[PDB]
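Below is one structure, written out as structure tokens; comments come after it.
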Amino acid sequence: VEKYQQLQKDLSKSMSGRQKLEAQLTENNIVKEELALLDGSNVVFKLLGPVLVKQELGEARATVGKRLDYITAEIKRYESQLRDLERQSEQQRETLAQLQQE
Amino acid sequence: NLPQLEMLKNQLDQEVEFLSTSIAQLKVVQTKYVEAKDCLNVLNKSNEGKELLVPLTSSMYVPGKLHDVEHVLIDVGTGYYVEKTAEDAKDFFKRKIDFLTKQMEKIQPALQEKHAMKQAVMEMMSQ
Amino acid sequence: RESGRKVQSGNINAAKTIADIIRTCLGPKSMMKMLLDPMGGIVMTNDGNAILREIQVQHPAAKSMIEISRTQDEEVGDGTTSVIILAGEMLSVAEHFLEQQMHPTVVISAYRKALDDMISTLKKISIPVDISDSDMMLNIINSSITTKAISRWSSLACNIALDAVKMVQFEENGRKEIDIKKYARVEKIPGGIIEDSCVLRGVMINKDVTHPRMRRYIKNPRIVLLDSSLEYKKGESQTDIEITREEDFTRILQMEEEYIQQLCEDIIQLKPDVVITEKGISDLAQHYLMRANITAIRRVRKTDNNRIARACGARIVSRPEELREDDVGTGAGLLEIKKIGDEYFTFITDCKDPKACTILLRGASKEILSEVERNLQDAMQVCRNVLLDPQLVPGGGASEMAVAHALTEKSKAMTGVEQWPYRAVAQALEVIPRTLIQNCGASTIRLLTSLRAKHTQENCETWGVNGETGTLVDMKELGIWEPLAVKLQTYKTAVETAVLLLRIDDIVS
Amino acid sequence: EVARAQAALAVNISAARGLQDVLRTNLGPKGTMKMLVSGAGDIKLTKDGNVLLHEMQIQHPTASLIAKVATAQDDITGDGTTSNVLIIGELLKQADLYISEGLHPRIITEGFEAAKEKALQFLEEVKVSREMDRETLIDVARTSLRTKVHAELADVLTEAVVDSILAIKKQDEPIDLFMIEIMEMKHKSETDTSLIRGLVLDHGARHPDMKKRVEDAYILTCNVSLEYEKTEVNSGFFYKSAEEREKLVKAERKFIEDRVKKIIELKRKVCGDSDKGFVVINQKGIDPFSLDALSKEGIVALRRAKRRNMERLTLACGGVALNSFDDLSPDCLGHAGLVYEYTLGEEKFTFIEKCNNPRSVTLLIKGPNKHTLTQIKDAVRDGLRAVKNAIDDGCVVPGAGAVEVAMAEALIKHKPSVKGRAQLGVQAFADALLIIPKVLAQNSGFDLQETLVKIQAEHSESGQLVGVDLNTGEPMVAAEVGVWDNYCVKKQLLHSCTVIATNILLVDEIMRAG
């Protein structure tokens, strides 16, 4: 029944780039590394917007600390819509199953 | 017996292709890791000052004059640019293969067992 | 929490009331027990064990009797119904006197002072049987298998137990473990009939064989046990990183293969054709066995291989890196996978190790198979008993009133306190007369006298009553016999329990 | 708690009397039927010992115990079930009387064993050969049904009884596992049992003018669908999603319409002639235009038969289980010398008959369509089960307890053991014998004893078997009376009698356990 499958796309929607985060999350640990590994030996850039923003360690230091924290933050927004969508499609499953069986 | 395994066979083939599709595409992301390492290899190989024909935009390319070998990117973080050292970037050009290969390669035996789970249903579906 | 003179009397009550009803179920003449359940389940049995299961025990003495009941049942499985009848008496006799004559301890030591005098008397009344004469075993067996009252096709297959068990008699431990049953491993044949049911050497392998995994028929070529330790070594004795990408598939799975090919050779060097490898097999270990076209049979159970280690009687390989034909595939050996009725049956035979032989069981159905095997199970247990002590003893009260005097004679001799425990314990011996006088339905008190009269001169040597003949009889004239093995065992067994429960005055939560 | 010593016995034997009592006349021409609204709660009607056992809910363990061992002998006999119950309690009392006098039940059980064999030994002495002829077949079939039903209904059925068993002797089969095909007709009248040397089906399906009278019978008995489910199914039942259940049905009627055309040439290959009758029998439904166009081919066709029927028709008609409507061999498709679709009541019952095998043979009982119709059915089947024993053994013996006294005359007088200890059980054993004739007669008439002495004296005179006349309650020679036991039954009874009465006599206790 569509009721089984109904909210799972809205579910995996918020899950989609949240997963992408969790690699970025891992690489946010790495950019913390590669910022700490960069003393300024070669330029540090937050790439944000189609404009390249000339950037600094301390400019990106909080940032990558803020990013990693934020790259943990789109986790919770799904964790919001995680139990929204999987739970209500859990009720819907019995609703039109028997009616269509009926 | 048979129809439930006619119904259950549906997902296991996807579990096959779920794993089949994923593992194949991470080599593509590994292509750039050795590439950029190799792009940094020949970079340090020749010198600063060689003409660089670099992509301008589609159907075109733009030349350029290379003044920095040791200035080399890594993409880590989120949307972030770390220009690294020639050996630094190479190391991550190198190392970004290593972690991705682990997530990539683990998928292949699970590919088989999903088919071995589907193929087992196939039999019991046909038998 | 249950404690004290209660548990003391409770040590009486439980073992008593257990033993009480059960002596009626003892004997070839036996008075059956009905059961009913609030569930409606009805049980008609002379079998204490079967009774000992569905009954309920709200006292741990009644529960621990089941324990010591299964002890003899672990041991044999018959005489368990008998053992309980002994201690249940004892505590119901010595204690209330002697615990109100105040002691756990006296009869405890006297339980041993009881245990020996039997053994003493046993060295007289039990007289040797030979395994060379089948009937000399089989008359006990014929008596033992008719206990469960099927003499039909059990008896002739009891020769097979008289053979297989006797022919799996082996393994002297230096005090000579050889006397045994278990090494006999029953065959299960759909089709055939207990007539054509007859031993093959070693162990006939039914269990993992629904179909040939070992050739079809193999005579000289060695049936070979490969036992774990066939897994690869990617290094010399070591294992390095395994297959990952292109040339590791080559190089590593090659590194895996050489060590095993090296293991493989030692198998083929001893000339097998069939090779039974239990768990711990490499596909590397098989394929060179396949390169020698020598079948390597993988992932099959241990006892089965121990059956096969008893079937050609080879050993199990303790150093699979350095292999011997003395290790596995001993002698000439045999391997024969035969369809008899439904199933292909691997027969690994021509056994080295002192013979070895397993009971071929062919029923038409598995029922007419099973009826034999259950009474067969008596023989193969009595066979090991004849193997254990091959001294056939006169049945009935022959041993009972004998030891009783010798105990009371030991009472007359020792004239201590434990004289009274003897006269308490010697009183326990009269069970069989009482049991049999019950089961014949005669008057005991004359026969009690008359058996004391049988001991007054004869010493009840071969003379007990046999309720089955109903009269006081020589057990040579009735041919009633048991090994000293089964006697002392059952005898000693409840004696221990008579100590056991008497030890226990206390239960604590 | 538990019940030990005498208590393990009394309650068992005390239960074994009122049990024995109620059905004391379930038996013989004196036999009386019983009902149950009680045991299974429904509206039920039954006469037989073992059969009235199972119907009740019997919470006393012993009541369930004989039901087992009685069923064994109940199988072949079908009578004497009620009988064997009676002698056992008659035995149990005497043994109880000894233990009442006081004595040991196992030496008492020991007392049965020679006597049993001695009686068994006597049983081959008293077995007198009346070989199988309709007379012996009558008189055993009636005395069984005289036991199970009216002597009226006995002789009413005694025709139908011997009817089928003539062809089972054509089978030379001492038992009847077929010809026991029975049809129960909707009617007002119980007594009408119609012999059909073939089968009967309630079918002829939904369509007439199929030539429901088929003289040349060519039978296709098939499970192929000329009709089938309209019900919603995907996995075989209602699926969570609605629509995927739909795609199945549109291939149903098309499959059915095609098989109609397949039967056309299946009529033409097989016959090509409506004058050569063809019969389809479907285990499932058949659409109207199938039967309608099958009626166009000179074919009668029967939808929704049964597995026995298919096989019995595969047997009796030499018919088929064949699965197809495609062109098939006529010689495969079986034959009956006559076939007709008969109607009594609402449904049209096909009488298929003179079938290639007179093997599965319909005895068609009409009836009130009740538990009564159910009642009149079960007995005649057992009336056979009597005469099969008569077919079984060559020795058929006068009934109505003729054998009983002579055994007590044989056994007790000289001690068969020449030994009292067993004679105890023997004296107990040979009293069990007498109850059935003496209880039925005294139920049917004059007493046990004053009747006994008449049966006794005449035995004491002759030793010939004088039975009981249950038409009175006095003895007569059950040879002439026609009430005739076989040797089989009386053979079988002591086995079922003794071995159950022994082990229960030797119960040393009874306990609620777990």
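Positions of Cβ are generated from backbone atoms using ideal geometry, with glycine treated the same way; all protein chains shown enter the neighbour counts. Here, each number is a calculation from the coordinates, and none is a lab measurement.
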Problem - Test result for C:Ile241, among the aliphatic types (A, V, I, L, M), free of Cβ contacts under 8 Å to residues at least 60 places away in the same chain and assigned to a loop (DSSP other than H, G, I, E, B) - result: yes
Handout entry: Test: residue in segment A:3-24 that is touching a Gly at 6+ places or on another chain (Cβ under 8 Å), within 13 Å of another protein chain (Cβ to nearest Cβ), part of a helix (DSSP H, G or I) and among the aliphatic types (A, V, I, L, M)
Key = no
Practice task
Only residues that are within 14 Å of another protein chain (Cβ to nearest Cβ), closer than 24 Å to C:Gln377 by Cα and free of Cβ contacts under 8 Å to residues at least 40 places away in the same chain: list them for segment C:50-93, please.
Solution key: C:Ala50, C:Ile51, C:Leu52, C:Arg53, C:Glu54, C:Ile66
Practice task
Return the only residue of A:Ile30, A:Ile71 being crowded, with 17+ Cβ neighbours inside 10 Å, touching a residue at least 24 places away in the same chain (Cβ under 8 Å), of a type outside the set (D, E, K, R) and facing chain B (nearest Cβ under 8 Å).
Solution key: A:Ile71
Problem - Exclusive hit being buried (at least 20 other Cβ atoms within 10 Å of the Cβ) and part of a helix (DSSP H, G or I), set C:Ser69, C:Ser30, C:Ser109, C:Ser64 - result: C:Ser69
Exercise for the section: Pick out the one residue from D:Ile13, D:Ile43 that is over 22 Å from D:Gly445 (Cα atoms), more than 17 Å from the chain's Cα centre (by Cα) and within 14 Å of another protein chain (Cβ to nearest Cβ). Expected result: D:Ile13
Problem - Residue ranges of helices (runs of 4 or more DSSP H) in segment D:82-196 with at least 1 members within 23 Å of the chain's Cα centre (by Cα) and in contact (Cβ under 8 Å) with a residue 12 or more places away in the chain - result: D:134-148, D:151-170
Exercise for the section: Mind listing just one residue for me: the one in segment B:76-102 that is more than 7 Å from chain A (Cβ to nearest Cβ), of a type in the set (D, E, K, R) and crowded, with 17+ Cβ neighbours inside 10 Å and, of those, nearest to A:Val64 (Cα to Cα)? Expected result: B:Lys96
Handout entry: Members of segment D:133-159 found to be farther than 22 Å from D:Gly394 by Cα, touching a strand residue (DSSP E or B) at 6+ places or on another chain (Cβ under 9 Å) and surrounded by 24 or more Cβ atoms within 10 Å (Cβ to Cβ), listed by number
Key = D:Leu157
Practice task
Looking only at segment C:392-408, decide whether some residue is closer than 28 Å to D:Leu103 by Cβ, part of a helix (DSSP H, G or I) and charged (D, E, K, R).
Solution key: yes
Practice task
Would you mention how many residues in segment D:95-142 are aromatic (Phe, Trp, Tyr) and within 14 Å of chain C (Cβ to nearest Cβ)?
Solution key: 2
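The rows are residues; the columns are (1) charged (D, E, K, R); (2) surrounded by 21 or more Cβ atoms within 10 Å (Cβ to Cβ); (3) outside any helix (DSSP H, G or I).
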{"residue": "D:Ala217", "(1), (2), (3)": "no, yes, yes"}
{"residue": "D:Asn234", "(1), (2), (3)": "no, no, yes"}
{"residue": "D:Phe237", "(1), (2), (3)": "no, no, yes"}
{"residue": "D:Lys240", "(1), (2), (3)": "yes, no, yes"}
Handout entry: Some residue of segment A:44-53 being at negative phi, of a type in the set (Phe, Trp, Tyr) and part of a helix (DSSP H, G or I)
Key = no
Exercise for the section: May I ask you to list the residues in segment C:434-493 that are charged (D, E, K, R), part of a helix (DSSP H, G or I) and farther than 22 Å from C:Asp78 by Cβ? Expected result: C:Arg446, C:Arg452, C:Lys454
Practice task
Only residues that are among the small types (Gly, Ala, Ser), in contact with a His (Cβ under 9 Å, 6 or more places away or on another chain) and not in a strand (DSSP E or B): list them for segment D:277-322, please.
Solution key: D:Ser290, D:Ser295, D:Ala305, D:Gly318, D:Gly319
Practice task
Report yes if some residue within segment C:129-146 is free of Cβ contacts under 8 Å to residues at least 24 places away in the same chain, surrounded by fewer than 17 Cβ atoms within 10 Å (Cβ to Cβ) and either touching a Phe, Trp or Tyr at 6+ places or on another chain (Cβ under 6 Å) or assigned to a loop (DSSP other than H, G, I, E, B) (or both); otherwise report no.
Solution key: yes
Completion exercise
Restricting attention to segment B:53-81, the residues that are closer than 25 Å to A:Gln55 by Cα and touching a strand residue (DSSP E or B) at 6+ places or on another chain (Cβ under 8 Å) number exactly 15
Practice task
Name, by its number, the condition in (1) surrounded by fewer than 16 Cβ atoms within 10 Å (Cβ to Cβ); (2) more than 8 Å from chain B (Cβ to nearest Cβ) that does not hold for A:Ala97.
Solution key: (1)
Problem - strands (runs of 3 or more DSSP E) lying entirely in segment D:411-514 (those with 2 or more residues that are buried (at least 22 other Cβ atoms within 10 Å of the Cβ) and either more than 14 Å from chain C (Cβ to nearest Cβ) or under 30 Å from the mean Cα position of the chain (by Cα) (or both)) - result: D:467-469, D:484-486
Practice task
Only residues that are small (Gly, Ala, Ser), more than 44 Å from the chain's Cα centre (by Cα) and within 14 Å of chain A (Cβ to nearest Cβ): list them for segment D:218-266, please.
Solution key: D:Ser241, D:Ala242
Completion exercise
Those residues of segment D:331-355 which are surrounded by 18 or more Cβ atoms within 10 Å (Cβ to Cβ), not aliphatic (A, V, I, L, M) and not in a strand (DSSP E or B) amount to D:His335
Exercise for the section: Hey, could you check segment A:34-54 for residues that are more than 8 Å from chain B (Cβ to nearest Cβ), of a type outside the set (A, V, I, L, M) and closer than 16 Å to B:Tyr81 by Cβ and say which is nearest to the chain's Cα centre (by Cα)? Expected result: A:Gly49
Handout entry: Set B:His67, B:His115: member being out of contact with any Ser or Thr (no Cβ under 7 Å at 6 or more places or on another chain) and within 14 Å of chain A (Cβ to nearest Cβ)
Key = B:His67
Practice task
Could you grab me the full set of residues in segment C:261-283 that are surrounded by fewer than 23 Cβ atoms within 10 Å (Cβ to Cβ) and outside any loop (DSSP other than H, G, I, E, B)?
Solution key: C:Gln261, C:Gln262, C:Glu265, C:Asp266, C:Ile268, C:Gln269, C:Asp283
Handout entry: segment C:11-49 - residue that is within 25 Å of the chain's Cα centre (by Cα) and hydroxyl-bearing (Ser, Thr, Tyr) and, of those, farthest from the other protein chains (Cβ to nearest Cβ)
Key = C:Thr45
Handout entry: Selected residue (only one of C:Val186, C:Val165, C:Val199 is among the aliphatic types (A, V, I, L, M) and surrounded by fewer than 22 Cβ atoms within 10 Å (Cβ to Cβ))
Key = C:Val186
Exercise for the section: Select from segment C:412-454 the residues that are without any contact (Cβ under 8 Å) to a residue 60 or more places away in the chain, more than 31 Å from the chain's Cα centre (by Cα), buried (at least 24 other Cβ atoms within 10 Å of the Cβ) and more than 14 Å from chain D (Cβ to nearest Cβ) and list them in ascending order. Expected result: C:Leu451, C:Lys454
